$ cat my_file.cif   # mmCIF, C-alpha atoms
data_query
loop_
_atom_site.label_atom_id
_atom_site.label_comp_id
_atom_site.auth_asym_id
_atom_site.auth_seq_id
_atom_site.Cartn_x
_atom_site.Cartn_y
_atom_site.Cartn_z
CA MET V 1 14.54 -6.05 4.76
CA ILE V 2 11.45 -7.49 3.20
CA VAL V 3 10.01 -5.19 0.66
CA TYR V 4 6.91 -5.30 -1.42
CA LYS V 5 7.46 -4.18 -4.96
CA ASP V 6 4.50 -3.37 -7.15
CA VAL V 7 4.27 -5.46 -10.30
CA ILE V 8 3.46 -2.50 -12.51
CA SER V 9 6.10 -0.01 -11.37
CA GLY V 10 8.60 -2.25 -9.65
CA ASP V 11 8.79 0.35 -6.92
CA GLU V 12 8.66 -0.15 -3.19
CA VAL V 13 5.15 0.20 -1.80
CA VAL V 14 6.18 -0.65 1.79
CA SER V 15 8.94 -2.44 3.69
CA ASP V 16 9.07 -4.53 6.91
CA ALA V 17 10.46 -1.44 8.66
CA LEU V 18 7.02 0.10 8.31
CA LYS V 19 3.65 -1.17 9.59
CA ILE V 20 2.48 -4.30 7.77
CA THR V 21 -0.49 -6.20 9.07
CA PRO V 22 -2.51 -8.94 7.28
CA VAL V 23 -6.07 -7.72 6.62
CA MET V 24 -8.17 -8.43 9.63
CA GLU V 25 -11.63 -7.08 9.36
CA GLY V 26 -14.49 -7.39 11.84
CA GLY V 27 -14.22 -10.98 13.02
CA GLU V 28 -12.40 -12.35 9.97
CA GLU V 29 -9.16 -12.19 8.06
CA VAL V 30 -8.86 -11.51 4.39
CA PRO V 31 -6.15 -13.66 2.73
CA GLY V 32 -3.71 -12.38 0.14
CA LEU V 33 -4.04 -8.82 1.23
CA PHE V 34 -2.50 -6.65 3.88
CA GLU V 35 -3.54 -3.42 5.37
CA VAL V 36 -1.24 -0.80 6.71
CA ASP V 37 -1.79 0.84 10.07
CA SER V 38 -1.49 4.48 10.63
CA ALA V 39 0.96 5.59 13.25
CA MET V 40 1.64 9.20 13.77
CA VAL V 41 5.28 9.99 14.33
CA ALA V 42 7.07 13.32 14.57
CA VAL V 43 8.23 14.23 11.10
CA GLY V 44 10.91 16.83 10.48
CA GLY V 45 8.82 18.92 8.19
CA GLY V 46 10.04 22.35 9.17
CA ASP V 47 6.86 24.06 7.79
CA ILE V 48 9.09 26.64 6.22
CA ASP V 49 7.49 26.74 2.80
CA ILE V 50 4.42 24.63 3.41
CA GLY V 51 2.47 24.72 6.61
CA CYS V 52 1.06 21.23 6.83
CA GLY V 53 -2.48 21.40 8.07
CA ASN V 54 -2.21 24.65 10.03
CA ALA V 55 -4.41 24.18 13.05
CA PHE V 56 -4.67 25.88 16.40
CA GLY V 57 -4.43 23.44 19.24
CA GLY V 58 -6.79 24.35 22.02
CA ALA V 59 -7.17 20.96 23.57
CA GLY V 60 -4.20 19.73 25.50
CA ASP V 61 -2.81 22.67 27.37
CA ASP V 62 -2.86 26.45 27.19
CA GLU V 63 0.50 28.03 27.71
CA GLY V 64 2.51 24.87 27.38
CA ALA V 65 1.72 24.13 23.79
CA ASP V 66 4.80 25.02 21.74
CA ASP V 67 5.01 22.15 19.29
CA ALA V 68 7.06 21.90 16.10
CA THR V 69 6.54 18.22 15.79
CA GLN V 70 4.29 17.43 12.86
CA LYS V 71 2.81 14.06 13.48
CA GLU V 72 2.23 12.22 10.28
CA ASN V 73 2.06 8.57 9.34
CA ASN V 74 5.41 6.74 9.36
CA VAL V 75 4.46 4.97 6.14
CA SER V 76 3.79 8.12 4.20
CA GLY V 77 6.52 10.38 5.66
CA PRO V 78 6.47 13.77 3.75
CA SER V 79 10.21 14.23 4.31
CA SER V 80 11.04 10.64 3.27
CA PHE V 81 8.68 8.79 0.91
CA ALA V 82 6.19 11.63 0.24
CA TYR V 83 2.89 10.38 -1.06
CA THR V 84 1.28 12.39 -3.76
CA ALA V 85 -2.49 12.05 -3.94
CA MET V 86 -4.70 11.27 -6.88
CA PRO V 87 -8.48 11.97 -7.02
CA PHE V 88 -11.23 9.81 -8.55
CA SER V 89 -10.83 10.26 -12.21
CA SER V 90 -13.06 7.30 -13.25
CA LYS V 91 -11.58 8.00 -16.64
CA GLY V 92 -10.71 5.47 -19.36
CA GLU V 93 -7.00 5.48 -18.52
CA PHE V 94 -7.80 4.66 -14.90
CA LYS V 95 -10.20 1.89 -15.91
CA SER V 96 -7.62 0.46 -18.30
CA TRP V 97 -5.19 0.60 -15.39
CA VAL V 98 -7.56 -1.45 -13.17
CA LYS V 99 -7.68 -4.09 -15.91
CA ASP V 100 -3.90 -4.30 -16.36
CA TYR V 101 -3.35 -4.12 -12.63
CA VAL V 102 -5.36 -7.28 -11.89
CA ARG V 103 -3.97 -8.73 -15.15
CA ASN V 104 -0.32 -8.36 -14.17
CA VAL V 105 -1.03 -9.36 -10.59
CA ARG V 106 -2.52 -12.60 -11.98
CA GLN V 107 0.58 -12.92 -14.16
CA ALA V 108 2.85 -12.51 -11.11
CA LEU V 109 0.81 -15.28 -9.47
CA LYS V 110 1.65 -17.46 -12.49
CA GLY V 111 5.31 -16.43 -12.68
CA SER V 112 5.90 -17.31 -9.04
CA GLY V 113 6.57 -20.94 -10.07
CA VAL V 114 4.80 -22.27 -6.97
CA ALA V 115 3.52 -25.92 -6.65
CA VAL V 116 0.11 -26.72 -8.28
CA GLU V 117 -2.05 -27.11 -5.14
CA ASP V 118 -0.53 -23.97 -3.68
CA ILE V 119 -1.15 -22.21 -6.99
CA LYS V 120 -4.81 -23.15 -6.48
CA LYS V 121 -4.81 -21.37 -3.12
CA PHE V 122 -2.83 -18.49 -4.57
CA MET V 123 -5.51 -18.21 -7.27
CA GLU V 124 -8.19 -18.31 -4.58
CA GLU V 125 -6.58 -15.20 -3.18
CA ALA V 126 -6.81 -13.67 -6.72
CA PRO V 127 -10.69 -12.95 -6.79
CA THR V 128 -10.41 -12.07 -3.12
CA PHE V 129 -8.01 -9.21 -4.11
CA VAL V 130 -10.55 -7.89 -6.63
CA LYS V 131 -13.58 -8.20 -4.33
CA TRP V 132 -11.97 -6.52 -1.33
CA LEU V 133 -10.54 -3.68 -3.48
CA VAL V 134 -14.02 -3.06 -4.94
CA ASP V 135 -15.39 -3.05 -1.36
CA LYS V 136 -13.30 -0.01 -0.41
CA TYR V 137 -13.23 1.48 -3.93
CA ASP V 138 -15.75 4.24 -3.27
CA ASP V 139 -13.85 5.53 -0.24
CA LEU V 140 -10.42 5.41 -1.77
CA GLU V 141 -7.99 8.16 -1.93
CA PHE V 142 -5.36 7.27 -4.37
CA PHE V 143 -1.74 7.74 -3.62
CA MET V 144 1.54 7.28 -5.26
CA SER V 145 4.91 7.74 -3.78
CA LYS V 146 6.77 10.65 -5.44
CA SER V 147 8.75 8.05 -7.44
CA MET V 148 5.47 6.42 -8.63
CA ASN V 149 3.09 7.11 -11.48
CA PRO V 150 -0.76 6.95 -11.83
CA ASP V 151 -0.27 4.05 -14.22
CA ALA V 152 2.42 2.42 -12.16
CA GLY V 153 2.29 2.29 -8.43
CA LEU V 154 -1.16 3.67 -7.87
CA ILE V 155 -1.89 2.94 -4.29
CA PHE V 156 -5.31 2.62 -2.76
CA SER V 157 -5.92 4.18 0.65
CA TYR V 158 -8.89 5.09 2.84
CA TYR V 159 -9.50 6.10 6.44
CA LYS V 160 -10.82 3.41 8.79
CA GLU V 161 -11.58 3.68 12.48
CA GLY V 162 -8.50 4.25 14.56
CA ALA V 163 -6.54 5.60 11.67
CA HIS V 164 -5.60 9.26 11.89
CA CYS V 165 -3.91 9.04 8.54
CA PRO V 166 -4.62 7.16 5.25
CA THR V 167 -4.78 3.44 5.78
CA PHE V 168 -2.77 1.99 2.93
CA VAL V 169 -4.36 -0.83 1.02
CA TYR V 170 -1.93 -3.33 -0.45
CA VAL V 171 -1.99 -6.71 -2.13
CA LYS V 172 0.24 -9.07 -0.08
CA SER V 173 0.46 -12.06 -2.33
CA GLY V 174 0.17 -10.01 -5.50
CA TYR V 175 3.37 -8.06 -5.32
CA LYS V 176 6.95 -9.06 -5.76
CA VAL V 177 8.09 -9.90 -2.32
CA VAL V 178 11.77 -9.24 -2.32
CA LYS V 179 13.54 -10.25 0.79
CA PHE V 180 16.81 -8.44 1.16
CA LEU V 181 19.37 -10.23 3.27
CA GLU V 182 21.24 -12.70 1.14
CA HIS V 183 22.64 -10.55 -1.62
CA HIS V 184 25.84 -12.36 -2.35
CA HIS V 185 25.14 -16.03 -1.93
CA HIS V 186 25.03 -19.21 -3.88
CA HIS V 187 22.54 -21.60 -2.41
CA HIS V 188 22.97 -25.01 -3.91
#

$ encode --input "my_file.cif" --output "C-alpha cells"
Amino acid sequence: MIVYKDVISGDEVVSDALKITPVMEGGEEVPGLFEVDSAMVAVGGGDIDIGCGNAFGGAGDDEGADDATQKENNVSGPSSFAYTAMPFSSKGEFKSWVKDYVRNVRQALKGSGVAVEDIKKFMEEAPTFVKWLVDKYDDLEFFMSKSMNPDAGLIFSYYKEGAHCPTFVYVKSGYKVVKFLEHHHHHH
C-alpha cells in the first residue's frame, strides 16, 4: 500500500487503492503533481438521516427505477473517508497556510536526502507545483478528510470534464510517500 501523506497534517490524502494518475493535461504532462480521477461507485449511504442530493430520475427508465445505490466518488467515500468541504475564505489564515504549505513542501524536498542532480529536478518540480495550483485556484473547492484540518490537510479539488465528482488535486513529489509493505525488515 503506497500512501501519500501530507507534510502539514501527516494524514493520508490518497492511497494506491484509489485512483492516482500523473497530471496529464491537454497534450502535455505536468511533473511532480498527480490528479485524481472521479469514479462513481455505489456507496452504502443509507440516506436515513441525510438524503444525499435528492433527485428524481426521469432519464433511464420509468417503472424500473428503484435505486438505493448512491453513486459517489471512490476517493471521497461519505461512509469511509468523508470529505468535508471548505469555501474560499481568502482570509489571512488561509494565505498564511498557502505560504507554509509551499514552505514545508520545499522542506520535504530538502529532507528527502536525494542525490544533487536529482534534487535539481525535484526543485524544478517545486515552482511547477505552485504554478499549476494557481492555475486551478479560482475553481477550487477545498476539501479535507474528516480527520483533517483547514490548516493541515487542506485539499484542493475542482471539476474537470469527465469528472462527475470533485477531481482531487494533489502534489505527487511533495508529499511523504510511504510505501507500506516491508514493515519488519532490516535491509543492510

$ atom_distance --input "my_file.cif" --atom1 "atom CA of residue V:172" --atom2 "atom CA of residue V:188"
28.0 Å

$ closest_residue --input "my_file.cif" --among "V:118, V:100, V:67, V:25" --to "residue V:132" --atoms "all atoms listed in the file"
V:25

$ closest_atom_pairs --input "my_file.cif" --of "stretch 64-131 of chain V" --to "stretch 176-179 of chain V" --cutoff "10 Å" --atoms "only C-alpha atoms" --output "JSON lines"
{"residue": "V:105", "atom": "CA", "partner": "V:176", "partner_atom": "CA", "distance": 9.3}
{"residue": "V:108", "atom": "CA", "partner": "V:176", "partner_atom": "CA", "distance": 7.6}
{"residue": "V:109", "atom": "CA", "partner": "V:176", "partner_atom": "CA", "distance": 9.5}
{"residue": "V:112", "atom": "CA", "partner": "V:176", "partner_atom": "CA", "distance": 8.9}

$ residues_around --input "my_file.cif" --residues "residue V:68" --least-positions-apart "6" --cutoff "10 Å" --atoms "only C-alpha atoms" --output "number ranges by chain"
V: 42-47

$ write_last_selection --input "my_file.cif" --atoms "C-alpha atoms" --output "PDB file, keeping the file's coordinate frame"
ATOM      1  CA  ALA V  42       7.070  13.320  14.570  1.00  0.00           C
ATOM      2  CA  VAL V  43       8.230  14.230  11.100  1.00  0.00           C
ATOM      3  CA  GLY V  44      10.910  16.830  10.480  1.00  0.00           C
ATOM      4  CA  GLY V  45       8.820  18.920   8.190  1.00  0.00           C
ATOM      5  CA  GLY V  46      10.040  22.350   9.170  1.00  0.00           C
ATOM      6  CA  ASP V  47       6.860  24.060   7.790  1.00  0.00           C
TER       7      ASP V  47
END

$ residues_around --input "my_file.cif" --residues "stretch 9-23 of chain V" --least-positions-apart "2" --cutoff "10 Å" --atoms "all atoms listed in the file" --output "count of residues only"
48

$ resolve_selection --input "my_file.cif" --expression "the PyMOL selection byres ((chain V and resi 136-141) around 10)" --output "list in words"
residues 85, 86, 87, 88, 131, 132, 133, 134, 135, 142, 143, 155, 156, 157, 158, 159, 160, 166, 167, 168 and 169 of chain V

$ closest_residue --input "my_file.cif" --among "V:58, V:126, V:70, V:80" --to "residue V:107" --atoms "only C-alpha atoms"
V:126

$ closest_residue --input "my_file.cif" --among "V:162, V:27, V:78, V:174" --to "residue V:110" --atoms "all atoms listed in the file"
V:174

$ atom_distance --input "my_file.cif" --atom1 "atom CA of residue V:54" --atom2 "atom CA of residue V:89"
27.9 Å

$ atom_distance --input "my_file.cif" --atom1 "atom CA of residue V:129" --atom2 "atom CA of residue V:101"
11.0 Å

$ closest_residue --input "my_file.cif" --among "V:106, V:99, V:146, V:183" --to "residue V:82" --atoms "only C-alpha atoms"
V:146
